[PDB]
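To start, the structure under review is shown below, and the notes come after it.
To find a chain, count down the sequence lines: A is the first, B the second, and so on, and within it residues start at 1. Computation of the quantities below employed the complete heavy-atom set of this structure, encompassing side-chain atoms and omitting hydrogens, waters and symmetry-equivalent molecules.
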There are 8 protein chains.
Amino acid sequence: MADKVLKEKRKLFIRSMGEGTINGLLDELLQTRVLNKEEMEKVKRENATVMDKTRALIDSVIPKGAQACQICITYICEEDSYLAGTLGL
Amino acid sequence: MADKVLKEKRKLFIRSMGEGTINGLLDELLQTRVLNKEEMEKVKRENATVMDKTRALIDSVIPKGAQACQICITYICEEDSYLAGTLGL
Amino acid sequence: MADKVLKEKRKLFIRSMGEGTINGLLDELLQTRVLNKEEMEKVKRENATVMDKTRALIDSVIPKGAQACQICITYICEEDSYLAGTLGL
Amino acid sequence: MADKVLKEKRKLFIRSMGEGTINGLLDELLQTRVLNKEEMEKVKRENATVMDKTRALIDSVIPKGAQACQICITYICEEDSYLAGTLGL
Amino acid sequence: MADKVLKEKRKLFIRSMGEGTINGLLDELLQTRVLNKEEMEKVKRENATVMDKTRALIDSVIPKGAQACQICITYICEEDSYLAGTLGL
Amino acid sequence: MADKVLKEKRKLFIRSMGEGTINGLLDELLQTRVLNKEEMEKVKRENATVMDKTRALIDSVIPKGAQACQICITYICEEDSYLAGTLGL
Amino acid sequence: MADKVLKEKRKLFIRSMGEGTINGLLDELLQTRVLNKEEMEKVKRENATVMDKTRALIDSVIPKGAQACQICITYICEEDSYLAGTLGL
Amino acid sequence: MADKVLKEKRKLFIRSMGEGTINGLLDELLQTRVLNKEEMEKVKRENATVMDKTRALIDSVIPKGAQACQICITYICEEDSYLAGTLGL
């Protein structure tokens, strides 16, 4: 499932992802109702660097299960194909 | 019945619960008068990690009976449907 | 009285109120001497999201009595009429 | 005298006192030499919630006599007029 | 001596000093080796408001003796002459 | 072995370690399954200063054995070569 | 001799010691093997105020002879020269 | 060595260095692998004033040793000769 894949690639995700991808993924997750306004604002406002934002986003998304990680994987593949190829997914 | 269901899923609740869901559930339980101000303050301020907060909340809610557990389950299902699905609710 | 009204609508205030309203209400409460400088600074500086700020402000204002909550209600009605209508004030 | 008044209002004090007022009252009591450094440190660091801090402060101040209670009452009246009014002082 | 003066003006110091003066005084105390790196980091990172920072700094400086308080008084006089005149030193 | 080396360099580690290095080392230890989520969250959330974080991390890593200290030493050497040379690794 | 000096300066040590100095002295004593891990954890976690920590540390160090007290005196003189001068060391 | 020099001139560095020098020195330190991407971004993004940036940079560079401070000193001498002459190095 997608949760194991996302757990296996955590360091690469932290070291590779940028701010525009963070914003787009947050918008997609809010649209799909995986996250609510409070969680999104906690991710955005409580962290200053993009590494901390990625860390918080991954730690928020993984416990939700495989159906929540599949949305992230599909969005990244469809919108960040170069980053998706670098990440091996 | 709701209390037995909440007892059977304690470990999953501890391992899967997030901070935003904790805050929303605390607000809802305060609104329904299941918990008072002092209990919510003890939950929030005496614990540093989200696992400790979830542990304290479950240990404070289960003894209250089945009607408080039903309120908790209903709120989680209506507001955190992905977590509710991964928990088996 | 106003304290019961403000206690009955706590969740709506938490989910509905924005940062500009927080700043204006804090200025009004400081001018009316309901709060002092230390309380305002703890509301502003110890919280990162606006939900936490609203939570702290309500928890600080409710115990002061009905005369302190009436000031908040009047300010919201005269300055945020759309939000006041949504909240039912 | 002030000690009897503070004794008959213990529950209201516990349920209504805030953190900023506690900090200011501790500063005033330290300045007036009613309490020493160790007592204030035990009040601050051995309690996590504001209710516990208020409980400890009242239990430490009442045995000292009427003058120590009068200092607290005067400070609260001069600096927290809304709380003083809702407390019946 | 300087320690008695700093003990007699604790409330005024807490209520009057700002963040820039705190930063300058911390730099001066680190340069004079009155405080070490750990104490300065503990003052800065464990307090959110400037009142808490001033409280921690005064409580850390007073026990060191009169020679440590003289450095603080001299720095404040030479760098914050308006605040020094307000404080009466 | 690596555990003895980590025991006899504890003070240097506490006095020299930085926050970014701790974040990277925590990510590496989570990836290698030396630590789980609860221990990492206790290290990150229960300590406010970098010295306390380093102290907690070292006290959590040493009892695990030589094979975890080896992972820590290897990561530090490959990622913080200047700090590794200063420490004597 | 060091043990007698530390025994006749106990009140000054209790009233003048700070938390950063306590942490540094604990690290030094653990490095020199004067104390083991259990004693350090018992000093740190069973006391809430710095006065209690100082009392526990002094009562743990004095019965171990003159070398253990000399180590503490040397560390304090080398790292806390202002406090050492205040204490007459 | 250079680390002692940077410890001695910390206040002058904080009060004398501008933003262009910060940017150039950060680029040089990233090129020489004294700092990594996370530390550089943490210095840049979590501080608003140039004094805070200089403070963070010095506190991050000093613990790395003398070979990391010599790089900074050499870069400042080669690129900011007027500032280097003012700093006396």
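- With sequence neighbours left out, the side-chain contact (heavy atoms from CB on, under 4.5 Å) criterion links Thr86(C) to no other residue.
- Each salt bridge (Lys or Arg N to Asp or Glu O under 4.0 Å) pair with one or both residues in residues 77-89 of chain D, not counting sequence neighbours, would appear here, but there are none.
- Of residues 26-53 of chain C, those residues lying under 4.5 Å from chain D by any heavy-atom pair are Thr32(C), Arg33(C), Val34(C), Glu38(C), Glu39(C), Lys42(C).
- Residue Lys7(C) places its NZ atom among 12 or fewer non-hydrogen atoms of other residues, nucleotides or ligands, all under 6.0 Å distant.
- Taking 4.5 Å as the heavy-atom cut-off, none of the residues of residues 16-25 of chain C approach chain D.
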